[PDB]
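Asker: first chunk of the complex, coordinates as they sit in the assembly:
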Amino acid sequence: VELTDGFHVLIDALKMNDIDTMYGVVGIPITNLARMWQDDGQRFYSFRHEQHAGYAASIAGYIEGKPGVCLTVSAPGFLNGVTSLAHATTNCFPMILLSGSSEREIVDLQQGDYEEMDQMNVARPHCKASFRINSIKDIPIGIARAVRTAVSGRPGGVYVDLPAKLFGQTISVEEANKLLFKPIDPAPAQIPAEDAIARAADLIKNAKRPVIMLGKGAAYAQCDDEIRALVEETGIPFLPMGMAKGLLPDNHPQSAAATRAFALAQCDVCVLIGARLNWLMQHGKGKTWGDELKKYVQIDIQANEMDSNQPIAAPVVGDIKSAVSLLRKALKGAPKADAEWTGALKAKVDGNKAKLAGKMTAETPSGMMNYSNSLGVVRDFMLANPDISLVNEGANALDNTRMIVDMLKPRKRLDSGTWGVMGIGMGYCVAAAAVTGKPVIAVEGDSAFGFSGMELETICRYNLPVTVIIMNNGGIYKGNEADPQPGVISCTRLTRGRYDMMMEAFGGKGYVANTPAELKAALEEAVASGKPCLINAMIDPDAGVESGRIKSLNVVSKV
Amino acid sequence: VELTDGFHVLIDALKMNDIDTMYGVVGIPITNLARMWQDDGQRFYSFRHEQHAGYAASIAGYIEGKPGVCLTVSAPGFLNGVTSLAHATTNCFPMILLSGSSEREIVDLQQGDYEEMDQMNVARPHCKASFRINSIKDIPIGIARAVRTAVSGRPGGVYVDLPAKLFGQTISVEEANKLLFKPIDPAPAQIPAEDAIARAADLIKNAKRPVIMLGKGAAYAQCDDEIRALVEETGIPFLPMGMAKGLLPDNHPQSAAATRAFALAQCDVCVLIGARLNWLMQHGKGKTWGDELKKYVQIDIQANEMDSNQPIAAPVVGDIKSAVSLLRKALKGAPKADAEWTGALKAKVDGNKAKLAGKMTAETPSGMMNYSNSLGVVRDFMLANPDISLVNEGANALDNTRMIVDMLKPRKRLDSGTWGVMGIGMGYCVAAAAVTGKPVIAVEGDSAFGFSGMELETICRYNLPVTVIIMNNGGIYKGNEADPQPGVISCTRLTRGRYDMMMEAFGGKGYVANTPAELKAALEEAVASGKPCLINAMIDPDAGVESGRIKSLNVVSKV
């Protein structure tokens, strides 16, 4: 009788759940799983740190709508990955962290095993579910559970512990075929009641000044034409969140993005679609909402998200496709939004964009560019070349890029997310490149970049069409903070370094851009090349403000 | 009334407990703490990732015997630091992680605060104690509790949560000076009973083939002359664990390190001093210990470490200085270890060292150095220049350096430790440089290096006398693994990159060493320059073996 082992059953189980790519860092006890995966013809991206393989997995999940798979070693490697699993779960990104672990006998008696840790229990706060597969016969079911938990309900992270003993277990090929199965409909549709839809439809119909807020949950849903059809048929102004940019084109005529404060302050009804009323929306209270409670319609898959911050007048619980699809029919033939309202917002949008256009054309000294004229170059490129992933993180580098760089296609803008994480950059580039097979542009704050910078080599090693733009202002927010004591560098200062040289250290192409013309020429050549590039964009050290747009959240001493 | 605030009471409380240095990364809500720390005249080291600021804090704790302090932001930054705290606790290194956290009310209802996380509860598995200081009046007590918990008993990590709202609370200066206090005897001696020492003394006096095993707990204790006096007076052969190297000079004539397998297998009594019978010692069982239970004598401050893995015949619970001092007096005038035992080991040491000398003189082609002739250069340099910290990590780069590079001085060798962590390299360098004010050499596997490599810029930014030697073999264990499929790079491969160029991108000095002679000149020049340097040492891709010495711990397929 012919035998197979744990390595193969696991490989077969992943493939059966439509997984063909893993991001990770090898080592004991899983190096030979990584190799065999590759030998089978599947893809393995080796990183320089598991955190970044983890961030890659998380955004592969967002883009594709099937969980990104990260593979790590035990204890220290697991720890690094689980930080990324935590981020995924917070952002509602389907992801599976697979980690090897040590001997149950020794771990459970805390005797000091190789890389000892109860990884299953340590993972619990950072994921939807944390499982362990102890036996070969249970791998198919174990992977089904993981995939299902990651993509169903509110998508998120799942941890799957793989004890070292799992892989060397053997079983007959015959009984293995018997156990292998493909889960049926692991991310099922969830349809809301007629009366939940009728209530939301009544709120919208009777609204005087409605706004729609599109969150990245709406973008994740992959029902772009449904969402666009709803906006366009209702004639309701809309506002995208950071990663919902491009869901509808950011230059769509009903976009009130460029007059956001006035839109949220003055609206009466606000339709949240896959967007949480969390810190990014000021918890639905305070000055940004006119110091009043709006009438909210909220469409979310997670029932207990409703009323999490403010009372929701019309909670619609289900998957965005099903809910939006029904709401559209409910509103079919109803009057479009008030022209005095939509025309007021559009007038303030035109004025604000003209003010931005002026700033983007402004002339700065060589090597002392600002956030407007440098990112105006990226803006122009992304308007002509929209089928490109835009990775973005930083403070000023983030907030100015979100404002300035218009996205015309959905799920292209990949950014710091719900936790405002510095560190997602290079991992995000690898996964975007891997899953799209298309170019990536990253607009990186220089401090932001240093959290994942060593992964430039990973990008070079796989010769990915990634162009990393460093907003090199020489620090955190600013590059010019005075020495606090004599000979002592301020804590916010960073070396205004030759990041272009670092890229060329690993076979990449490096550029320095001292002006918008240099930045444009370099960007066009880098993207055209299809090769790994870095552009060291020299920004005025004094051009940024403290914490970007969220300056007011800083705690300052008044004594 | 003259008011002070939480920022300043915290600053003062830390200083009262002899803290003058923090390692971290700034941001909301803790940037102005960092600023004010520096304005006061204390050191803040800003890093590129909080994890490396944390590894830095952990080894500062080891070297100094006073808690290394790491400062982070909430959720994502906290998480990065807590991975290092975990490592500190596992290694018994005193360390305090201070992190800002968000609004109690919003985090507790999970409404989606800015960087929302119950950081206090997430730290719990990764430290000795996890605390939160909520009120200004409790800062001095909170800091006392953290310092005592980190340094007393078995030393380790402590998390201290600092809500955003702590810092802007106010109090009168004479109220604050009333609360401020310095703890008495935060790491007290703990003396063992006379019968504990007599039981140990009896076993040693009756041993036919005794060995002493020194662990890093023994090194941490800073009683080097006392431990050396015990070794010499007793005549007992000794072996250092990785970081206990140099506690006694590695070329001490009683060292059995060059004959470890034989010593441990054939001994009858084994005296453990601050060394756990964990995976590094194969749990005191199996062929490493001649397939039998030795008579173990164990000195440890942790009562319940006793009998963790094998029965301990002479458990001695107390601090190592106190214990060793009593054991010495209990053994006064006793005959020295059997001369035919000490003679047998010495001969095998001489034989094996001579055999290693043969390999270190071996000649290799340009750019294809092996681990013996490359590290033979570092060996000679460290013998001539012993007062230098030696950071080390990797597989072959770690195992070969521990064997070849002799330490003559205590607490200089700083390595991957209990969890065999890749990632500790550049933080360890910063901390060693900071707390010693003397040079640092790092011997880095190239894979290992990539876990903290971006921190080269941090080393350059503070102009530290650090020399990074990259053992550049182009991969994990080996740099020559065949492409598993046409055009697909193996998972164990890395770019054989110009790490020298990367160093020079941030103002550091970079070198390529293709031969031992080039390595020698470069290392001598690098250390003598007193500046940040990186030597890219070109190692034969086929020179290393899988996992170095712990290759049998791999799980391999057979089916």
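Answerer: Now that the structure is in, tell me what you want to look at. Numbering: from 1, shown residues only, chains lettered A, B, ... in the order given.
Asker: Give me the phi and psi angles of the closest residue in space to residue A:311 that isn't next to it in sequence.
Answerer: Nearest-residue entry for residue A:311: residue A:293, 6.7 Å, with adjacent residues in sequence omitted and distances by C-beta to C-beta, 6 or more residues apart in numbering or on different chains. For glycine as for every other residue, the C-beta is placed from the backbone atoms N, C-alpha and C. Backbone torsions of residue A:293, given as degrees, to the nearest 10, read phi -90, psi 120.
Asker: Make sure residue A:316 is indeed in a strand.
Answerer: Yes. Secondary structure assignment places residue A:316 in a strand (DSSP: H, G, I helix; E, B strand; the rest coil).
Asker: in terms of contact, does the residue nearest to residue A:311 touch residue A:283 like I think?
Answerer: No. Residue A:293 sits out of contact with residue A:283 when judged by C-beta atoms under 8 Å, with a separation of 11.4 Å.
Asker: Now do the shared contacts for these two.
Answerer: By C-beta atoms under 8 Å, 6 or more residues apart in numbering or on different chains, residue A:293 and residue A:283 have these common neighbours: residue A:310.
Asker: Looking at those two, which has the bigger crowd around it?
Answerer: In terms of neighbours (other C-beta atoms under 10 Å in any protein chain shown), residue A:283 is the more surrounded of residue A:293 and residue A:283; the figures are 20 against 12.
Asker: tell me, how many neighbours does the residue in the stretch 101-250 of chain A that chain B sits nearest to end up with?
Answerer: In the stretch 101-250 of chain A, the residue that lies nearest chain B is residue A:112 (2.6 Å; C-beta to the nearest C-beta). Burial of residue A:112, expressed as a neighbour count using other C-beta under 10 Å, amounts to 20.
Asker: Not counting its neighbours along the chain, what's nearest it?
Answerer: Across the structure, with C-beta to C-beta, 6+ apart as the measure, the residue nearest residue A:112 apart from its sequence neighbours is residue B:278 (2.6 Å).
Asker: residues contacting that neighbour?
Answerer: Under the criterion of C-beta under 8 Å, 6+ apart, the contact partners of residue B:278 comprise A:111-113, A:116, B:308-309, B:418.
Asker: just checking, which of those residues belong to strands?
Answerer: Judged by DSSP state E, strands contain none of these.
Asker: of the residues you listed, closest to residue A:104?
Answerer: Closest to residue A:104 out of the contacts of residue B:278 is residue A:113 (9.3 Å), distances taken as C-beta to C-beta.
Asker: Can you pull the phi and psi angles for that closest one?
Answerer: Comment: the main-chain dihedrals of residue A:113 come out as phi -70, psi 160, following degrees, to the nearest 10.
Asker: returning to what we had before: got the contacts of residue B:278 as CSV, with distance to residue B:558 columns?
Answerer: Output for those, formatted as CSV (distance: C-beta to C-beta, whole Å):
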residue, distance to residue B:558
A:111, 28
A:112, 28
A:113, 23
A:116, 26
B:308, 32
B:309, 29
B:418, 30
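Asker: Just the helices from the stretch 251-400 of chain A, written as ranges.
Answerer: Listed in chain order, the helices found in the stretch 251-400 of chain A under DSSP state H, counting those that start in this stretch are A:260-266, A:320-330, A:339-361, A:371-384, A:396-404.
Asker: Out of those, flag the one nearest chain B.
Answerer: Counting by C-beta to the nearest C-beta, chain B lies closest to helix A:396-404 out of the helices of the stretch 251-400 of chain A; the figure is 12.8 Å.
Asker: nearest spatial neighbour of residue A:171, skipping sequence neighbours?
Answerer: Spatial nearest neighbour of residue A:171, chain neighbours left out: residue A:136 (5.0 Å); criterion: C-beta to C-beta, 6+ apart.
Asker: now for chain C, put it on the one above:
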Amino acid sequence: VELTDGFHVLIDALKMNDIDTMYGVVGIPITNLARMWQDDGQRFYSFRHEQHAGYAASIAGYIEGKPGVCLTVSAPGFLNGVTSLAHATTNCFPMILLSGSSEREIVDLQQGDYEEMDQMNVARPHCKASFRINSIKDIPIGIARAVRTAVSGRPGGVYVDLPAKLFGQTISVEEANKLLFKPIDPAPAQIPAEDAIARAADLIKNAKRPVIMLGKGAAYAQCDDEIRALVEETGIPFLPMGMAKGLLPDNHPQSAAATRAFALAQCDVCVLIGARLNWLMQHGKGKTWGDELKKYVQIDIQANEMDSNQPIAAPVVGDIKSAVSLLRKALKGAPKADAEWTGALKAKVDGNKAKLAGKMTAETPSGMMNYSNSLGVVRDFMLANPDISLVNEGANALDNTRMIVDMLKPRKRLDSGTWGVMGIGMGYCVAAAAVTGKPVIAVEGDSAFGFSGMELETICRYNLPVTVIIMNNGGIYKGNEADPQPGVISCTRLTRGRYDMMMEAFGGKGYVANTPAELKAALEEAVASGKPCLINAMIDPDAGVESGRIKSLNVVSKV
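Answerer: Take a look at chain C, now in place beside the chains above:
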């Protein structure tokens, strides 16, 4: 300005969410909440132990479909309640545990506060969400979050921490009335996709030997006519799990309950409605299911329950009323189940029931009733008086009562549940009595009874129409285990005690039933009296078997 406080906002918030009843035990810091709850005109039931107040809350949640509310003190009282919350979550019973907690500042520094515990963090494994309301202004949102979390998705427990300092905070009455709100649609319908229903419909239409398995999730859903209509229209044989008894009347002609082993072993398609393929169903494998994978159809609100144990061919995710309604319409006009299948089962049902009738008429000596003739009396009484709650727990007392005592009405049988808990008896009685306003019979193993027996006094104190039948066989499973040593009582033995006398000690009516005729008169008189009664039913000590039906799950020595 007219002020209100936390006590009153909390009272008002609970009432706004349709809460009129709490079960608990008073003390610091929550006695005056209890008092004021009552002063307002709402019910507070004081118990003798918080655990039983909690089991009471859990079954009130099951019966009503709105969260049962338990109130406790900090640490020790909280802990007792949280054991019941754990049970609620495990059984999918909506329940809120409110507990007072101590001072944030003292608990967080672990200084030793009055009843010190991070109760929020200790509850986490035992509920769906663990929250803390810190501020008066967040009470209405906090209570909304708890009610939604408990009732939505898969229903379950929620912990709500109430620091001592919450209650004495104040706010203006018109501010409080501005914050107070009632959540819209806290338990929404969730409708499955048409293809989910069509896949299920296809399998049922092609089944040769279909069965439907009803679980307590189906009973909880309160769509009894709809589920009965499905069973009748399809002609499919059905089986109820313990607490699904009476969903359809147990004497329904399509019931296969009296032929369970054969039905499950020989079926081809098995339709699971609110029933998990857990230990109670042997995980869908082994000889119980003919050693094969059936084609499972499963209706469950929890997406990731699918494929938890065996592959589900037709997963239908959504609320059971919505799902069953669609499945019925999808099966309209389909032929009824194979008559030779339904005929085979019916014959075996008739045979086995006739065989059970033989045992129930059996004659035993005075004071040595068996489980068949004693429970045969309860069977006849419940057939004649079906609108009564039947609480049940024990081993033989549980298994024999589930077999013998037919339920004609839904949500009346209330038993040990998913964890096979001993202890739920007297709390279940109090809650059933409270929420139904109708009589309650408890059939208690004597061991089982002792876990909550002191609550007899609580039943008497509220003069509830509860009749406790103690199946008094003098022990665990059996009352006759030999003394293992001279003068030493066996561990399985109990005093064959005068539980009647115990009842009468608190003003209850007590009976001894030594024969079925005495049991009948006593039960008839007890229930008709409308007063608290206990019937001490004398059972043959040798009548029961080890663990009842789950005796093969015992671990026994063979060496």
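Asker: quick recheck of the nearest residue to residue A:311 now chain C is there?
Answerer: With sequence-adjacent residues excluded and distances taken as C-beta to C-beta, 6+ apart, residue A:311 is closest to residue C:181, at 4.5 Å.
Asker: how near is that neighbour to residue B:364?
Answerer: 78 Å (C-beta to C-beta, to the nearest Å).
Asker: what's near enough to touch the residue nearest to residue A:311?
Answerer: A:307, A:311, C:16, C:140, C:144.
Asker: hmm, the helix or strand containing the fourth one touching chain B?
Answerer: Using DSSP states H and E, residue C:140 sits in helix C:139-151. Yes. If you take C-beta under 8 Å from any C-beta of the partner chain as the test, helix C:139-151 does meet chain B, through C:141-142, C:145.
Asker: Closest one of these to residue A:131?
Answerer: Nearest to residue A:131 among the residues of helix C:139-151 next to chain B: residue C:145, at 27.2 Å, using C-beta to C-beta.
Asker: looking at it, the closest one is touching residue C:132, isn't it?
Answerer: No. Between residue C:145 and residue C:132 there is no contact under C-beta under 8 Å: 11.1 Å.
Asker: shared neighbours of these two, anything?
Answerer: When contacts are counted by C-beta under 8 Å, 6+ apart, residue C:145 and residue C:132 are jointly contacted by residue B:109.
Asker: Show me which positions of stretch A:422-441 end up buried.
Answerer: Along stretch A:422-441, these residues count as buried under the neighbour rule (16 or more other C-beta atoms under 10 Å in any protein chain shown): A:422-436, A:439-441.
Asker: The residue of the stretch 301-450 of chain A found nearest chain B: what's it in contact with?
Answerer: For the stretch 301-450 of chain A, the nearest residue to chain B under the criterion C-beta to the nearest C-beta is residue A:450, separated by 3.4 Å. Contacts for residue A:450 were tallied using C-beta under 8 Å, 6+ apart; they are A:494, B:48-49, B:454, B:457.
Asker: what separates it from residue B:2, distance-wise?
Answerer: Residue A:450 sits at a distance of 41 Å from residue B:2 (criterion: C-beta to C-beta).
Asker: measure the closest residue to residue A:110 other than its chain neighbours to chain C for me?
Answerer: Beyond its immediate neighbours in the sequence, the residue positioned closest to residue A:110 (C-beta to C-beta, 6+ apart) is residue A:116, lying 7.1 Å away. Here residue A:116 is placed at a distance of 22 Å from chain C (C-beta to the nearest C-beta, to the nearest Å).
Asker: now the strands for the stretch 201-350 of chain A?
Answerer: Under the criterion DSSP state E, counting those that start in this stretch, the stretch 201-350 of chain A contains strands at A:211-214, A:238-240, A:269-273, A:295-300, A:314-317.
Asker: partners of residue A:130 in the sheet?
Answerer: residue A:159 (DSSP bridges).
Asker: Near chain B, which residues of the stretch 351-500 of chain A? Just list them.
Answerer: Within the stretch 351-500 of chain A, the positions adjacent to chain B are A:418-423, A:447, A:450-454, A:457, A:460-462, A:476, A:484-485, A:488-495, A:497-500 by C-beta under 8 Å from any C-beta.
Asker: Swap in 7 Å and give it another go.
Answerer: Taking C-beta under 7 Å from any C-beta of the partner chain as the contact definition, the stretch 351-500 of chain A meets chain B at A:419-421, A:450-451, A:453-454, A:457, A:460-461, A:476, A:484-485, A:488-489, A:491-492, A:495, A:497-499.
Asker: from those residues, which ones fall inside strands?
Answerer: When those are checked against strands (DSSP E), there are no matches.
Asker: Just the buried ones from those?
Answerer: Of the members of these, the ones counted as buried by neighbours, 16+ other C-beta under 10 Å, are A:419-421, A:450-451, A:453-454, A:457, A:460-461, A:476, A:484, A:488-489, A:491-492, A:495, A:497-499.
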